[PDB]
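Quick heads-up: it's one chain on its own, the form deposited in one PDB entry, in structure tokens.
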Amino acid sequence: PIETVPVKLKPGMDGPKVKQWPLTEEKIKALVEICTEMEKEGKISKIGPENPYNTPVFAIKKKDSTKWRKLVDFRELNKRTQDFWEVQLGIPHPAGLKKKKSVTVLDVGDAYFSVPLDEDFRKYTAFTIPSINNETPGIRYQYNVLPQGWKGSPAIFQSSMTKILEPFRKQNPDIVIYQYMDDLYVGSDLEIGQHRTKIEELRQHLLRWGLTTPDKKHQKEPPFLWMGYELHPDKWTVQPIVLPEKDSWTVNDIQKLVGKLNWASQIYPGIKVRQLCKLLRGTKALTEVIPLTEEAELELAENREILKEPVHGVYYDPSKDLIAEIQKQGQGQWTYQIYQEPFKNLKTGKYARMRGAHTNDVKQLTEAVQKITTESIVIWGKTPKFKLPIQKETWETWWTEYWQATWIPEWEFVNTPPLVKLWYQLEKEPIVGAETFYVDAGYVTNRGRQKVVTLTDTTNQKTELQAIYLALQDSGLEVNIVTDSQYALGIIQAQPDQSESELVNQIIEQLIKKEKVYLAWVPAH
């Protein structure tokens, strides 16, 4: 038997005392039968009038079958049960798995009832099966094992299974076992016969504790279509994605398409969705039809072709280095691929996360490095050596001059156009011979010139970007610009090369054409 896990109710609460719904004789007859079965099996045992707690039960028929099932409504008891460590949503990613000669999945089979329930807690699982004639039986029961559908069941069952498997695991340190729901995955590099035997051995080890497992004649064989994936002994991939051939596309359709499209990203490089996302602008209803533009059409056609190609990922080989390579697919878009062996990945991906309203490729590429770093540590436990399209000098220039602290692991420059660069750099010292503009929506120069323009609907801070812009447009190749807007100063000082604000983008364009620019700040009153 297994060691009982002590359960407690949430502090300051009493057990469930909820009424049982009136039942149909037909069903009562079914319940009495099922409950007796469970009592003979010791799963449950009748109680005395001592117990005031109760939980509703009802009979259900099996889907597309003709027979009775017993369902207990543990909602209430669950609200009152303490929290457990429970199952974290942390699941293994296919690219983290290694190659195996043979893998099998043993379907545990309701081991919930195979595991005992803390005696002290047992009373809280009380339920009642009403009598057929008014004043009569009305059998009262309580659980002796883990109730199907109870709060602690999934957690306690998993903990129990782990203990039960500790030994078998120490005995065979060449066999990986992974638990998931009512499934037990066993993988191994044993030649087929040896494996097949070891599996039968594991089954017996479960049977000793009551975990009735399935025979090799009805077990699930690879691939393992698990969570949108298709698991194989040596390779992996995602469940085949089929793109619709619609004439009319609803916003809902377009939205689902982008979702399926994004999913593919992790393995299919080249998947693009920008054009498709644009169809969502100004949409008034999920049922609204948006015709497709020539660019969206071209993008859909391209992804369709990309998907007609059954690419697959490869498992991790602990003996070889991890290599991450990053590229610029578009403005703001970066594509990466992690491989151990020359140009054939374990996983791929995209990075479009724009942090802040303005940025530059150098800053953005850096942030992609950090995402991959976190992701690699999570999946493979170590960071990959990166191959980036930026030269050392370029990175060091930006780095040492930026106010924030940054650090890139270990990388190598890869001359693969486009090479990321800084399109412009502000002067560290005011330009001699250059004209000086004193902005405020209007500027005045040392040379006498001046323009006062009219701005409508402008925000306080945007008016400040405008003046700078103005000075920028009317000046020569070399300019000195004095401003009082610490805001505008901040932005332009950041050396952005892309922004959400078109005004900033224009200023940026102006900045690129100049030979020399010095921006200075001063309080103005």
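Each residue number is its position in the shown sequence, starting from 1. Only the largest set of C-alpha atoms that superpose within 1.5 Å between the two forms is called the rigid core.
Keep in mind the form deposited in another entry is missing from the figure; the text below concerns it.
- The residue among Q327, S114, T373, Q266 whose Cα moves by 2 angstroms or more between this form and the one not shown, once the core is superposed, is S114.
- Relative to the superposed rigid core, the position of the CA of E302 differs between this form and the one not shown by 2 Å or more.
- Core-aligned CA deviation for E288 between this form and the one not shown: 2 Å or greater.
- In the core-superposed comparison between this form and the one not shown, the C-alpha atom of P384 has shifted by less than 2 angstroms.
- Annotation for the pair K63/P240: C-alpha atoms recede from each other in that other deposited form, by 3 Å or more compared with this form.
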